[PDB]
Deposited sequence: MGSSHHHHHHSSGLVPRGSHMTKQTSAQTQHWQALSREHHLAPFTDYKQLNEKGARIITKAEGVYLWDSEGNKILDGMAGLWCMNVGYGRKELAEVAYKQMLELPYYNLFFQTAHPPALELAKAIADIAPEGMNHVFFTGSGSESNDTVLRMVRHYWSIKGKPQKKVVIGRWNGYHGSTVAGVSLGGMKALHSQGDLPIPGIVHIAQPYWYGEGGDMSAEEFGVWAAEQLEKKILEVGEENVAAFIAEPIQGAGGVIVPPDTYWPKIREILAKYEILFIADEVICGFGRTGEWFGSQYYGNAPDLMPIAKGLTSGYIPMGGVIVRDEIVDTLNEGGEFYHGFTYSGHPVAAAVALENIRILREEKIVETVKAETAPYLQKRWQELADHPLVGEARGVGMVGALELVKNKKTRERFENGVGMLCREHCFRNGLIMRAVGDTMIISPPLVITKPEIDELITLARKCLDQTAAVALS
């Protein structure tokens, strides 16, 4: 089976079957497929002035306009953006920035970066209530998971710690939506220590939560935000790091951004802004998606349905009260039914996930929900 075209939220195989791409390529095709404007802007920039030269610049350098355009939608006080080739490059880049920052402040011992489960890096607990909450409520567990950050800081010693790094919501790990008490508690902990906050926005960035950034959805004011994916809606490779102004001022005592990529990202943000795609997500599309997605919680196979904005997860279990999982693996089986039925929904163990294009319509959401329920029924038949 072979893909020959794509348009909106749909792929078409060579036969003529439409597949609803519920994962937006790789959490990235935010304006959907077939957006001619993006190809046209790339084409023109490539012919006109594809790249930099050592002496002189162009009329309206797209990278500069892009940086201003991102400065206008980023959290307040984050008006610098350093461009890269990719999201993984942005993650390497942020780790270097944080270490250089503290080194320039005269504290080169602050090297350790604290991340979350799922070589100068240590890990704390992820705020995954369903899998790791034990006997606690969501609210209590959110507090506890946040407190693991303070505990790790003290254990490693503040004077050895550079930064905490975290996605607002962990994507690839299973759309792990944290309790509402998680981020407020983390902010309290960050306020007490000398530690930079890296908010990894590679997935959540450019509209995915209904705000421009996951950080704005939860009310976080980070120091650095790696971005990619939604930056270009996956149409051309590009990454970046958005940086709080004070951090840059310190750093001021390769990242220009390729003009073709920058032209595409600028047009992509323009479309997201001028067609009110992120506004529509917040006001209409995401509330509708999350409401319909909850209906799947009734399904005999589903232990929990969760989500925020345009992401969601379903936990597939054998027993809803104990959260006991099936032997072997229901997720792989459910995925195969997804594959057969023409719905792209990723399996992460026994967790099913979606991340559709942000332009997905209410009828398209209905289709997604119908296909998902069908796949859950077929999986239950085989498993229950």
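Chemist: I have the full deposited sequence and the modelled structure. Can you tell me which residue ranges, counted from 1, have no C-alpha coordinates?
Modeler: Holes in the chain trace, numbered from 1: 1 to 55, 174 to 199, 335 to 342, 474.
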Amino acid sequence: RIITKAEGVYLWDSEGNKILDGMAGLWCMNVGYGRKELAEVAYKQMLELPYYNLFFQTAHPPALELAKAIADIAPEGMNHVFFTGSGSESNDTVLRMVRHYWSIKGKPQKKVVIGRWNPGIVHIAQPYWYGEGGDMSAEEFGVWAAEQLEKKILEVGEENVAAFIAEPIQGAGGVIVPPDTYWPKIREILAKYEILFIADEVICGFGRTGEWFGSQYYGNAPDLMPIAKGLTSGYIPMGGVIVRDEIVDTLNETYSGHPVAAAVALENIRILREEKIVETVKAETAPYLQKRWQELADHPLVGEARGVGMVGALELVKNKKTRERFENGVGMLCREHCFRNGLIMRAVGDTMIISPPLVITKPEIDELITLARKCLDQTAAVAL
From here on, numbers count along this sequence of modelled residues.
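Chemist: Per the record, averaged over C-alpha atoms, which has the higher B-factor: 24 to 32 or 334 to 342?
Modeler: Looking at the recorded C-alpha B-factors, 334 to 342 comes out higher on average.
Chemist: Between 294 to 302 and 100 to 108, name whichever shows the higher mean Cα B factor according to the PDB entry.
Modeler: Of 100 to 108 and 294 to 302, the stretch with the higher C-alpha B-factor average is 294 to 302.
Chemist: Maximum C-alpha temperature factor per the entry, among 42, 70, 59, 348, belongs to which one?
Modeler: If I rank 42, 70, 59, 348 by C-alpha B-factor, first place goes to 59.
Chemist: Highest Cα B-factor in the PDB entry belongs to which of 218, 129, 212, 197?
Modeler: Checking the PDB record, the top C-alpha B-factor among 218, 129, 212, 197 is at 129.
Chemist: Hey, what third does residue 159 fall into on Cα B-factor, ranked over its chain?
Modeler: Middle third of the chain for residue 159's C-alpha B-factor.
Chemist: What third of its chain, lowest, middle or highest, does the C-alpha temperature factor of residue 247 fall into?
Modeler: Middle third - that is where residue 247 ends up once the chain's C-alpha B-factors are sorted.
Chemist: Would you mind ranking residue 64 by its C-alpha B-factor against the rest of the chain and naming the third, lowest, middle or highest?
Modeler: Ranked within chain, residue 64 CA B lands in the middle tercile.
Chemist: Place residue 148 in the lowest, middle or highest third of its chain's C-alpha B-factors, as listed in the PDB entry.
Modeler: Answer is middle: the recorded C-alpha B-factor places it there.
Chemist: Looking at the C-alpha B-factor of residue 133, is it in the lowest, middle or highest third of its chain?
Modeler: For residue 133, the deposited C-alpha B-factor lands in the highest third.
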